[PDB]
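Contents: one structure, followed by commentary.
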Amino acid sequence: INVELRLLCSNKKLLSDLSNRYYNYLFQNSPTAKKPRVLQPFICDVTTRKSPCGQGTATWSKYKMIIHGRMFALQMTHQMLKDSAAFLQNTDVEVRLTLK
Amino acid sequence: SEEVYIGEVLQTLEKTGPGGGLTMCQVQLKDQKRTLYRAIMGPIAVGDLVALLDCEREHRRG
Amino acid sequence: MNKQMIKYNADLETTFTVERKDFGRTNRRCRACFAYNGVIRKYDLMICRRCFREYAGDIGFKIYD
Amino acid sequence: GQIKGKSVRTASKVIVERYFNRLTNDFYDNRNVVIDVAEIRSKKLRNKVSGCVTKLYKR
Amino acid sequence: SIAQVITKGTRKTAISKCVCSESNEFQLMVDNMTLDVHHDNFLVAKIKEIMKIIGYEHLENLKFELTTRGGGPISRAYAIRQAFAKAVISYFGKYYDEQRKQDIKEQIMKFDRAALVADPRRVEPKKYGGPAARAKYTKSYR
Amino acid sequence: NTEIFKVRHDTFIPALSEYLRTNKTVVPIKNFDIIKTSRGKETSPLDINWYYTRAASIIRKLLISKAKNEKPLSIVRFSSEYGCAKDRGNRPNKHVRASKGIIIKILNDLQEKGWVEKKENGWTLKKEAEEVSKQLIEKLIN
Amino acid sequence: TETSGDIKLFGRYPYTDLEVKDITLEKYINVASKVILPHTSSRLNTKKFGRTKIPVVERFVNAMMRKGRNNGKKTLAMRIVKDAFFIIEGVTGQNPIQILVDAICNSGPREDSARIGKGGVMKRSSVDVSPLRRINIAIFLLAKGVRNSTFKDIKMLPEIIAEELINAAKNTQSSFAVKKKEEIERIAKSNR
Amino acid sequence: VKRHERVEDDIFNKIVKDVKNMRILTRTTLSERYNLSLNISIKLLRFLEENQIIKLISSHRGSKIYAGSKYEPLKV
RNA sequence: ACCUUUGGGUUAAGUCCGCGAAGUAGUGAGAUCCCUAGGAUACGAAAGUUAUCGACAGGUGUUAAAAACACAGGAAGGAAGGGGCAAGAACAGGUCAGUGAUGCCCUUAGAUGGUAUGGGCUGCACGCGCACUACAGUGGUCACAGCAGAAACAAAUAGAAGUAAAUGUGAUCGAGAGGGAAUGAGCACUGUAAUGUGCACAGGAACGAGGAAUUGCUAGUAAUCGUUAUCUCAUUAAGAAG
Ligand SMILES: [Zn+2]
């Protein structure tokens, strides 16, 4: 019955498009469709001096990479899970599944 | 000894002095015809009451 | 490599073996340039602060704020 | 400094000559009209245009 | 079910929640301690201040439990004071006539707006080239 | 009910301390008169009966933990509860734990009297230790 | 606990029937705003005369958080002044608040020395102070007298607060703050 | 001269005569008028407040304040 | 060869308003992101999360235009606050000890190339730059409570890394009972190796608020107080970055 699908992605526009596409698919099948849950973004960061030597005013930069994520929890029969999984390929988004 | 005159400020004119610390002001005394020109150093609002030690010493430059 | 050393006990007749722990600069050389100094070790990078800034945008890091 | 900048005053001046009768003394009417007619891509700009247009309309 | 409302009050990084309920007797607890047992007097002063601009007859037949997390000792007392203040107005609007809500609100607003609205004030982030938010390290010449 | 919160800590900790000493339920560590409570402390305690104030406050930590239905208390938890700021010369002060040996001895004494039961992940109260506290409070508030 | 009546300072003091008693000062001294504890976070400092609307005893505790090491310790200041009011209310017999008001009235210098010369050398002259500056200096002097008095003396600080404030309200030579007000006015006159 | 670690009989006698008609009195007064140390101004002051000769009017933290026979408070 | 013309008001900004032998479009600013603060009618049955919305000098008052203050309501009010990005031209400014970026000169088995065991970079007459504890009582000591940014913690009988500290109450000590520098015989830990670190007992130096000079800082700012599941890191922070 239940499935939880994690769409994980370090680009916001892609994840927004792919989730809108999958939401449209859900509402076109109409199994009591719903929005995705927007997850707390993972943020990995590094802070370093700009100059390659000691000279000048010490100026510092913070680089941070953001891994966005969205979860769909959903009700489907096993055939529809097996058949719909054909949607979950050729994406820069990484896709993962949980089941009970 | 504690002689004093109370005067009412009617106008302010110019920020004045090294660093612009003072303000040129026109003051009328409360119980005399006299109206003076004076420099004052705190923040001042029109219609303030100020206490003077002399009714005569003046800043003629106005 | 985890190198091993022999050591003798107080009798100077019985022998035992002990392992050398891998620590310090000697194995943490910059993966782009072999440098020993200013190596960022976080997130299992092993890249020096000079090399990082030219490649950061290829890896996918950005300055947001 | 709260000065409007060149494109904002230019668009303000053109709209009042092009659509004058459609405008009123009201900020919200004027904001509705610029939301309706214009291409302007952020609410940040069209808040400033309708501000200047309702400043003109009195004068 | 028993008549109830819930409110939230914030100061710096302290957050507090107040639940308010119908009772035969006026009762107030903070950190599970009554006002006559609680260990910090600044909190007790800030509570009895707001309890006197509101009339005592408006706090009658009513019970309060306050819980809080975050910030520190001075900030939490103001957080608690807002949570308490908003509960009475919320209850009057929901369970009595709305004129009494308006009357009480005029009194609190005349006294202190910051009892019913939250200050958006927070610590500013540290920048590089100084010990704190704005102070710079010492330049030298010779 | 959560009966413990009805009385003030600085009346309860001194009250139980006498009931302990008059029944010798806990026995002092060797050299209690010259040992310090932590490496962070400057000198040994000013009261010779400090060991009993520890025993009285340990049962209080457990009563309130039981009242709030927390997870059982560990030897590490208690060591951080009684911790302090250690003096280090020419360096900033730093937070340091209490010494475990005192706490271990108190908990093993209380085990032998049947006052404290060891669980797989901490220590917990027993019926006798709860009822002593109950019967004290019922006089003390009156 | 103690009371279920109207708002009184430290829950003890009357908070009514208060007179300034110098018309030059009237608008600039807030004895209106009924507060139980001399603490507020009201964000008026970001305004043009907003620091004149802060209540009187508030301005007076802020003056204590000084000598560097005591920065930020506002609770400590409240503890100190609370005790001083007990000493003063007892000694004087009148609302500590009227002692504080009269201390300010006497301790502000009315005439001052300043450089006037613009188009040449800077020559010193007497000048007349505004209402607002007059009260700002009064608090400063009362504070500076207290701090330096207590430094390496066995007496308790809340007691020194009561010594100075009584004397100041009574315009006696005994006050550090009053003496230094005489000095400034004498030098101002010398340069008149 | 240094401070003292006794209240001898004739200092004790005259302190009783002096504590009446004084208003607020504190640890320092006994130690700066007479020659007593702080550690013997505490003990004497605590004694007189058990004897009903003086009365305590504050004791907040270690700050502790007393009153003698010609004290009189404010009235509403 | 060159100038586009009379230099009057405004803004952070040729940002703009007047007037003209000039007039029309662009770059730079600006606009244009991201984070922090408020907002369900959306989602969940757990009790939170996210949000195309919200502020424009708009209102009133200041009598050319352009801007402006001062009030007021408002979660936010004059570039909302804080970052981030960021013209043209320059400089014989720094780095060849970051680079399988690099021209030209030099060395190259008795090496100016590698490795190993040791020693130095840490030496000490002395002049300078930047930090840390202080010089006490608005203190020291004993106990007891109790609160962050949130959430991680075998055991330990004197003691030998960890979940705040300032702080709140009671005791105590009483004007070098402040302070912990050089040093002794020990007891443990990390390590291949102590020279490094922890612990106990001693020991107890200068310093009693700093000459000529000199450095930042306008509000949740400066200063205080701890803390780093941040960076260095076997073990070592009195350094940076939060
Ligand atoms: Zn590299």
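Ordering of the structure tokens sets the chain letters (A, B, ...), residue numbers begin anew at 1 in every chain, and ligands are numbered from 1 in the order given.
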Shell of 12 Å around ligand 1 (only C-alpha atoms (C1' of nucleotides) and all ligand atoms), written as an MDAnalysis selection string:
(chainID A and resid 52) or (chainID C and resid 28:41 45:55) or (chainID I and resid 98:99)
Nearby residues (only C-alpha atoms (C1' of nucleotides)) at most 10 Å from segment 35-41 of chain D, same-chain spacing under 4 positions excluded, as a CSV table (one decimal) with N, CA, C and O atoms, in the first residue's frame:
```csv
chain,number,residue,atom,x,y,z
D,11,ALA,N,8.9,55.3,-17.4
D,11,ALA,CA,7.7,54.5,-17.5
D,11,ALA,C,6.5,55.2,-16.8
D,11,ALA,O,5.4,55.2,-17.4
D,15,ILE,N,3.1,56.1,-19.1
D,15,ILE,CA,1.8,55.6,-18.7
D,15,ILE,C,0.7,56.6,-18.4
D,15,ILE,O,-0.4,56.5,-18.9
D,19,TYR,N,-2.6,56.4,-20.9
D,19,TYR,CA,-3.8,55.8,-20.2
D,19,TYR,C,-4.5,56.7,-19.2
D,19,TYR,O,-5.2,56.2,-18.3
D,29,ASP,N,-5.9,51.3,-7.0
D,29,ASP,CA,-6.3,51.5,-8.4
D,29,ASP,C,-5.1,51.6,-9.3
D,29,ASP,O,-5.0,50.8,-10.2
D,30,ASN,N,-4.2,52.5,-9.0
D,30,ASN,CA,-3.0,52.7,-9.9
D,30,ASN,C,-2.1,51.4,-9.9
D,30,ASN,O,-1.7,51.1,-11.0
D,31,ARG,N,-2.0,50.7,-8.8
D,31,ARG,CA,-1.2,49.5,-8.7
D,31,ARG,C,-1.9,48.4,-9.5
D,31,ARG,O,-1.3,47.7,-10.3
D,45,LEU,N,9.6,46.9,-8.4
D,45,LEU,CA,9.6,48.0,-9.3
D,45,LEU,C,8.2,48.6,-9.4
D,45,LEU,O,8.1,49.8,-9.3
D,46,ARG,N,7.1,47.8,-9.6
D,46,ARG,CA,5.8,48.4,-9.9
D,46,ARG,C,5.2,49.0,-8.6
D,46,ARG,O,4.4,50.0,-8.8
D,47,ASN,N,5.6,48.7,-7.4
D,47,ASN,CA,5.4,49.5,-6.2
D,47,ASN,C,5.9,50.9,-6.3
D,47,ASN,O,5.3,51.9,-5.9
D,49,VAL,N,6.9,52.6,-9.4
D,49,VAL,CA,6.2,53.2,-10.5
D,49,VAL,C,4.8,53.8,-10.1
D,49,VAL,O,4.6,55.0,-10.2
D,50,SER,N,4.0,53.0,-9.5
D,50,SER,CA,2.6,53.4,-9.0
D,50,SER,C,2.7,54.5,-7.9
D,50,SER,O,1.9,55.4,-7.9
```
Residue 137 of chain F: which residues within 8 Å, counting only C-alpha atoms (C1' of nucleotides), same-chain residues fewer than 3 positions away excluded, as a PyMOL selection string?
chain F and resi 3-4+7+133-134+140-141
Skip residue 21 of chain H itself and residues of its chain fewer than 4 positions away, then list as a PyMOL selection string all residues within 8 Å of it, counting only C-alpha atoms (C1' of nucleotides).
chain H and resi 68-71
For the selection just defined, write its residues with N, CA, C and O atoms to a file, as an mmCIF file, in the first residue's frame.
```cif
data_model
loop_
_atom_site.group_PDB
_atom_site.id
_atom_site.type_symbol
_atom_site.label_atom_id
_atom_site.label_comp_id
_atom_site.auth_asym_id
_atom_site.auth_seq_id
_atom_site.Cartn_x
_atom_site.Cartn_y
_atom_site.Cartn_z
ATOM 1 N N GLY H 68 17.765 51.587 64.984
ATOM 2 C CA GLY H 68 17.770 51.884 66.413
ATOM 3 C C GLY H 68 16.574 52.742 66.842
ATOM 4 O O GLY H 68 15.699 53.073 66.035
ATOM 5 N N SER H 69 16.588 53.201 68.109
ATOM 6 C CA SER H 69 15.380 53.594 68.836
ATOM 7 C C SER H 69 14.662 54.837 68.293
ATOM 8 O O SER H 69 13.519 55.080 68.689
ATOM 9 N N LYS H 70 15.310 55.642 67.424
ATOM 10 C CA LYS H 70 14.720 56.851 66.849
ATOM 11 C C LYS H 70 14.546 56.761 65.329
ATOM 12 O O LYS H 70 14.521 57.785 64.641
ATOM 13 N N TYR H 71 14.394 55.533 64.820
ATOM 14 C CA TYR H 71 13.880 55.275 63.485
ATOM 15 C C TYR H 71 12.377 55.554 63.435
ATOM 16 O O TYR H 71 11.678 55.342 64.424
#
```
Residues near segment 32-40 of chain E, anyone? I mean within 7 Å using only C-alpha atoms (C1' of nucleotides), not counting same-chain ones fewer than 6 positions away, as a VMD selection string.
(chain F and resid 5 8) or (chain G and resid 1)
Check every residue of chain A for an atom within 12 Å of chain C, counting only C-alpha atoms, and provide those that qualify as a ChimeraX atom specification.
/A:9-11,43-53,60-67
Can you pull out every residue from chain E that DSSP, working from the backbone, puts in strand (DSSP E or B), and format the result as an MDAnalysis selection string?
chainID E and resid 4:11 14:22 27:30 33:34 62:69
Quick one: write out the picked residues with C-alpha atoms as a PDB file, in the first residue's frame?
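Result went into selection.pdb, see below:
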```pdb
ATOM      1  CA  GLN E   4      -9.238  26.770  26.677  1.00  0.00           C
ATOM      2  CA  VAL E   5      -6.884  28.864  24.470  1.00  0.00           C
ATOM      3  CA  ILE E   6      -3.159  28.621  23.625  1.00  0.00           C
ATOM      4  CA  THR E   7      -0.673  31.443  22.802  1.00  0.00           C
ATOM      5  CA  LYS E   8       3.034  31.930  21.998  1.00  0.00           C
ATOM      6  CA  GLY E   9       5.461  34.720  23.023  1.00  0.00           C
ATOM      7  CA  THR E  10       9.025  35.415  21.836  1.00  0.00           C
ATOM      8  CA  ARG E  11      12.071  37.472  22.943  1.00  0.00           C
ATOM      9  CA  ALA E  14      13.518  32.344  23.985  1.00  0.00           C
ATOM     10  CA  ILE E  15      10.087  30.922  23.068  1.00  0.00           C
ATOM     11  CA  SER E  16       7.229  30.437  25.555  1.00  0.00           C
ATOM     12  CA  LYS E  17       3.795  28.795  25.358  1.00  0.00           C
ATOM     13  CA  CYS E  18       0.853  29.609  27.610  1.00  0.00           C
ATOM     14  CA  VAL E  19      -2.305  27.511  28.008  1.00  0.00           C
ATOM     15  CA  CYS E  20      -5.297  29.221  29.605  1.00  0.00           C
ATOM     16  CA  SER E  21      -8.413  27.511  31.064  1.00  0.00           C
ATOM     17  CA  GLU E  22     -11.697  27.866  32.986  1.00  0.00           C
ATOM     18  CA  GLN E  27      -4.123  29.938  39.558  1.00  0.00           C
ATOM     19  CA  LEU E  28      -0.714  30.547  37.908  1.00  0.00           C
ATOM     20  CA  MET E  29       2.296  28.190  37.513  1.00  0.00           C
ATOM     21  CA  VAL E  30       5.706  28.786  35.853  1.00  0.00           C
ATOM     22  CA  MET E  33       6.283  26.586  40.659  1.00  0.00           C
ATOM     23  CA  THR E  34       3.694  29.116  41.886  1.00  0.00           C
ATOM     24  CA  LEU E  62      -9.045  31.502  35.192  1.00  0.00           C
ATOM     25  CA  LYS E  63      -5.935  29.201  35.262  1.00  0.00           C
ATOM     26  CA  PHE E  64      -2.487  29.438  33.567  1.00  0.00           C
ATOM     27  CA  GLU E  65       0.468  27.124  32.900  1.00  0.00           C
ATOM     28  CA  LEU E  66       3.617  28.646  31.339  1.00  0.00           C
ATOM     29  CA  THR E  67       6.391  26.597  29.700  1.00  0.00           C
ATOM     30  CA  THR E  68       9.515  27.994  27.968  1.00  0.00           C
ATOM     31  CA  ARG E  69      12.811  27.062  26.233  1.00  0.00           C
TER      32      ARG E  69
END
```
Minimum-distance residue to residue 150 of chain I, chosen among E:48, E:70, E:88, E:79 (using only C-alpha atoms (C1' of nucleotides))
E:70
Do you know which residues are at most 10 Å from residue 114 of chain F counting only C-alpha atoms (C1' of nucleotides), after dropping those on the same chain fewer than 2 positions away, and could you put them as a PyMOL selection string?
chain F and resi 108-112+116-117+125-129
Here atom CA of residue 23 of chain H and atom CA of residue 66 of chain H stand apart by 8.3 Å
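Excluding segment 27-35 of chain B and any residue on its chain fewer than 5 positions from it, the residues at most 12 Å away by only C-alpha atoms (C1' of nucleotides) are residues 4, 5, 6, 7, 8, 9, 10, 11, 12, 13, 40, 44, 45, 46, 47, 48, 49, 50, 51, 52, 54, 55, 56, 57, 58, 59, 60 and 62 of chain B; 128 of chain G.
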Atoms kept (N, CA, C and O atoms) for selection, written as a CSV table (one decimal), in the first residue's frame:
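Contents of the output file result.csv:
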```csv
chain,number,residue,atom,x,y,z
B,4,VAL,N,19.7,85.5,38.6
B,4,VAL,CA,19.3,84.7,37.5
B,4,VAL,C,18.2,85.5,36.7
B,4,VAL,O,17.4,86.1,37.3
B,5,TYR,N,18.2,85.3,35.4
B,5,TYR,CA,17.2,85.8,34.5
B,5,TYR,C,16.6,84.7,33.6
B,5,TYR,O,17.4,83.9,33.1
B,6,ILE,N,15.3,84.6,33.5
B,6,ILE,CA,14.8,83.5,32.7
B,6,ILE,C,14.3,84.1,31.3
B,6,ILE,O,13.6,85.1,31.3
B,7,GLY,N,14.7,83.4,30.3
B,7,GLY,CA,14.5,83.9,28.9
B,7,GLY,C,14.0,82.8,28.0
B,7,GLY,O,14.3,81.6,28.1
B,8,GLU,N,13.1,83.2,27.0
B,8,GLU,CA,12.4,82.3,26.2
B,8,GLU,C,13.0,82.3,24.8
B,8,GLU,O,13.1,83.4,24.2
B,9,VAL,N,13.4,81.2,24.2
B,9,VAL,CA,14.0,81.2,22.8
B,9,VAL,C,13.0,81.3,21.7
B,9,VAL,O,12.1,80.4,21.7
B,10,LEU,N,13.1,82.3,20.8
B,10,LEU,CA,12.2,82.6,19.8
B,10,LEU,C,12.6,82.1,18.4
B,10,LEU,O,11.8,81.8,17.5
B,11,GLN,N,14.0,82.0,18.2
B,11,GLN,CA,14.5,81.6,16.9
B,11,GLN,C,15.9,81.0,17.2
B,11,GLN,O,16.6,81.3,18.1
B,12,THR,N,16.3,80.1,16.2
B,12,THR,CA,17.7,79.6,16.1
B,12,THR,C,18.2,79.8,14.7
B,12,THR,O,17.4,79.8,13.7
B,13,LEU,N,19.5,80.0,14.5
B,13,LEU,CA,20.0,80.7,13.3
B,13,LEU,C,21.1,79.9,12.6
B,13,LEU,O,21.1,79.8,11.4
B,40,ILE,N,24.4,79.2,22.5
B,40,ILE,CA,24.0,78.1,23.4
B,40,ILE,C,24.6,76.8,22.9
B,40,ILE,O,24.7,76.6,21.7
B,44,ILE,N,18.8,72.5,21.5
B,44,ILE,CA,17.8,73.5,21.9
B,44,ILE,C,16.6,73.4,21.0
B,44,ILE,O,16.7,73.2,19.8
B,45,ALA,N,15.4,73.4,21.6
B,45,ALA,CA,14.1,73.5,20.8
B,45,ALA,C,13.5,74.9,21.0
B,45,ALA,O,13.6,75.5,22.0
B,46,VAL,N,12.8,75.4,20.0
B,46,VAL,CA,12.1,76.7,20.0
B,46,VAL,C,11.0,76.6,21.1
B,46,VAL,O,10.3,75.6,21.3
B,47,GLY,N,10.9,77.7,21.9
B,47,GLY,CA,10.0,77.7,23.0
B,47,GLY,C,10.6,77.1,24.3
B,47,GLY,O,9.9,76.9,25.3
B,48,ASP,N,11.9,76.8,24.3
B,48,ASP,CA,12.6,76.4,25.6
B,48,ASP,C,12.8,77.6,26.5
B,48,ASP,O,12.8,78.8,26.0
B,49,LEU,N,12.9,77.4,27.8
B,49,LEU,CA,13.3,78.4,28.8
B,49,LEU,C,14.7,78.1,29.3
B,49,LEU,O,15.1,77.0,29.7
B,50,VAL,N,15.5,79.2,29.2
B,50,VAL,CA,16.9,79.1,29.6
B,50,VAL,C,17.2,80.1,30.7
B,50,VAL,O,16.6,81.2,30.8
B,51,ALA,N,18.2,79.8,31.6
B,51,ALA,CA,18.5,80.6,32.7
B,51,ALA,C,19.9,81.3,32.5
B,51,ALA,O,20.9,80.6,32.2
B,52,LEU,N,19.9,82.6,32.4
B,52,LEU,CA,21.1,83.4,32.2
B,52,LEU,C,21.6,84.0,33.4
B,52,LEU,O,20.8,84.3,34.4
B,54,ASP,N,23.7,86.9,33.1
B,54,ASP,CA,23.7,88.3,32.7
B,54,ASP,C,22.6,88.6,31.7
B,54,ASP,O,22.4,87.8,30.7
B,55,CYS,N,22.0,89.7,31.8
B,55,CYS,CA,21.0,90.2,30.9
B,55,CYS,C,21.6,91.1,29.8
B,55,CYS,O,20.8,91.8,29.0
B,56,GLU,N,22.9,91.2,29.7
B,56,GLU,CA,23.5,92.3,28.9
B,56,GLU,C,24.6,91.8,27.9
B,56,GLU,O,24.6,92.3,26.8
B,57,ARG,N,25.5,90.9,28.4
B,57,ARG,CA,26.5,90.3,27.5
B,57,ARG,C,25.9,89.7,26.3
B,57,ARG,O,24.9,89.0,26.4
B,58,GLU,N,26.4,90.0,25.1
B,58,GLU,CA,25.7,89.8,23.8
B,58,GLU,C,26.7,89.2,22.7
B,58,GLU,O,27.9,89.6,22.7
B,59,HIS,N,26.1,88.5,21.8
B,59,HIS,CA,26.8,88.0,20.6
B,59,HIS,C,26.3,88.7,19.4
B,59,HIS,O,25.6,88.1,18.6
B,60,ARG,N,26.8,89.9,19.2
B,60,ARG,CA,26.3,90.9,18.3
B,60,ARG,C,26.3,90.5,16.8
B,60,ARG,O,25.5,90.9,16.0
B,62,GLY,N,25.2,87.8,15.6
B,62,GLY,CA,23.8,87.4,15.4
B,62,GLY,C,23.6,86.3,14.4
B,62,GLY,O,22.7,86.4,13.5
G,128,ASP,N,25.8,79.3,27.2
G,128,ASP,CA,24.6,78.9,28.0
G,128,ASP,C,24.1,77.5,27.6
G,128,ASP,O,23.9,77.3,26.4
```
Define the interface residues of chain G facing chain E as those within 7 Å, counting only C-alpha atoms, and report them as a PyMOL selection string.
chain G and resi 1+6-7+36-37
